[PDB]
Each structure stands twice: as structure tokens, then as C-alpha cells.
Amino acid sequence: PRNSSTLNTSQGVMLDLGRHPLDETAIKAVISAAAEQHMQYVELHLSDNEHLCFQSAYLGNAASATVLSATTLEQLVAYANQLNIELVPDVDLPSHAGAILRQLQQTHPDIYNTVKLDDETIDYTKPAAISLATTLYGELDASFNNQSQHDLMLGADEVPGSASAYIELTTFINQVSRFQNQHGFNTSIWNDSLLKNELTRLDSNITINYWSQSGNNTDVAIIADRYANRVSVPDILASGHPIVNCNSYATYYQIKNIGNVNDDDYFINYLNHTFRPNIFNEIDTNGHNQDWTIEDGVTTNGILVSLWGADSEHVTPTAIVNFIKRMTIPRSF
């Protein structure tokens, strides 16, 4: 399978629009900031449980300053292209899909009843769920097409299901990835819903964004289960998938907290001076979340910084942009 992605050797920033919507003016200022800081891409997390921030012809939602029309997205892609920045759509499925589901209930109540697993999740074991996913992604691919590099984050974080259900999650991801490849797009997913036993069945051109082996769990029984059953970085190296380091200690920050001088200073200084690209957040042999796991087998250096948006309505675009302008993501081990 073709894998033209270079995200595994790139530096980028992710904006959580699904929790903290932004308009075109603000997103252009983020793109500019990323370019000033020598980043290669900006990832737009366009939907989550809270908000649906892309217009879909199929879903029938109305556009606005923050529900980005195809024309607005095309303008942002053209702006990014002028600054030599890749714009990476990021539309979470099958979970973190509450806003898509609420809209689908209104315009396709039939399809909603078929595909709703829970309030946040489409039923990825059913053919109707893959059909929905490819319909939405095909629409977005066209809006994001007029640039050199084509990547979309499918996500697949925090997915509900049994171990048996997860077998069907692999199939869902692969079918969507193959559809995307037909449209010239590479696909990324998070690591946390990936079983060891499924990893070799996941297409090898799918990039895995590695945030936390435990999914930021502290319950010791959950940790034990994820240590035994969920992918490590060594597992991913053995399977041959590309990796992006999204270490949840070093690379995650809540928009809500921007402007807190000490916290901002620690995050920035740790990122800029202490963190290294081969340092992952994995479970150690003592059952601890070890955010400083050195992986000597990793030869690539990709890092994404994630700005998560819950409960951050009053944080301004200027504050977000100025925080990005402080970042110098490390490139050397």
C-alpha cells in the first residue's frame, strides 16, 4: 500500500475546533504562527462530541464563521499553501462523534437509527457506519485537495467495545483508509484503541499518533489491561507502521490554561529544551505511566503538539497564536 505521508518526520500543531471553534481569521493567524516557528503542518480537529465545525452537504448543516464551509476550507488550504504549510483535516470516528450524530438525527433519522451505537459513537461493526464515514471524508478530501500533501486524522481514540468488537474496528479503519488512498489521502489514527493482536491486521500505511499507552488512565487494573493488551511503541516498530510522537505529558496543553504564566512557561521550556522526539509515554514494568520512555529503535522524529479545547470559551485567538509562537518543537534526539 502507498504511504506518501511525512507526518512521522514533521513538526505540527493540532487545534481542537471541536471543543473551541475558531473562524477563518483566527485560523489564518495560527497557520502564520506555525510557519513562523518552522512547523510543517497544522491539524484542524473539526468535530468532536461538543461541536461540528465543518459543513457537510450530506449532513445538511448550515455554515457560519465557525462551521467552516467548503469555500472557507478551500481558502484556508490556499493560504496554508502560500506559506508552505500542510493543512490536515481531523474528523474523529467512530467515537468522539456526538456532534455528527446529533446532526445526522435531524437530516437522516433512518441512517441515525442504523448507525448510532451510543451518543458519542457510530456502530463501526455495521456497513452503514463505513458508508457514513467515507461519505463525510470524500466531501472533505475535495475541500482539502489543492495542496501537495494529503493526510486526514481518523482518530479512533477512546472507542467503546469488547475485544471481539475491536476486531471489527480494524476492518472499519482499513476500509476507510483504503477509500482515502483512492482519493490520494493518507490516514492517521491515535494509538489507544489498538490491540497488540490487531496491529498486524491494520494496514501498514496508517500512521499511529502515540499519546499514552494507557490512554491517560490511572486505575491500576486498567493500566494492567492496557500493558498486556494495547500496543506499545516497540509493537508498532515491529509491525512497520509510521509513528508520530504525541507524548501526552510533553505535547498536550489545554487552551483553557493559556495565559497562566507559570504553567505556560513550564510547558514551553520543557518542550523546547528538555523533550526529545524518541521519548514516549508508555507503561513501564512497574505499572506506571512513564512519560519518559526512551525508544532507541525509533529513527524518525515526528512530533505533534495538541491544543485541546474543553471549557476554554473565553481564551482569545491572540492568546492561542502567541502561545504557538513560543514553540520550537525539537527535531534532534
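Quick note: we count residues from 1 along the sequence shown, nothing fancier.
Engineer: For the higher mean C-alpha B factor in the entry, choose 260-268 or 65-73.
Structural biologist: Going by the record's values, the stretch with the higher mean is 260-268.
Engineer: Comparing 241-249 with 213-221, where is the mean C-alpha B-factor higher?
Structural biologist: Stretch with the greater average CA B-factor: 213-221.
Engineer: From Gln180, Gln105, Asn191, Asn205, which pick has the Cα B-factor that tops the rest in the entry?
Structural biologist: It is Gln105.
Engineer: Between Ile236, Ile173, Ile111, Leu195, where does the Cα B-factor run highest in the record?
Structural biologist: Result of the comparison over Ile236, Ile173, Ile111, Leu195: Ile111.
Engineer: Grab the CA temperature factor for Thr200 from the record and place it in the lowest, middle or highest third of its chain.
Structural biologist: Its C-alpha B-factor, which the entry lists for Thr200, ranks in the highest third among residues of this chain.
Engineer: Would the CA B-factor of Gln290 place it in the lowest, middle or highest third of its chain?
Structural biologist: Its C-alpha B-factor belongs to the lowest third of this chain's values.
Engineer: Split the chain's modelled residues into thirds by Cα B-factor; is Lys28 in the lowest, middle or highest one?
Structural biologist: Bottom third by C-alpha B-factor.
Engineer: Among the chain's modelled residues, which third holds the C-alpha B-factor of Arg276?
Structural biologist: It falls in the bottom third of the chain.
Engineer: Please place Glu139 in the lowest, middle or highest third of its chain according to the CA B-factor in the PDB entry.
Structural biologist: Tercile = middle for this residue's CA B-factor.
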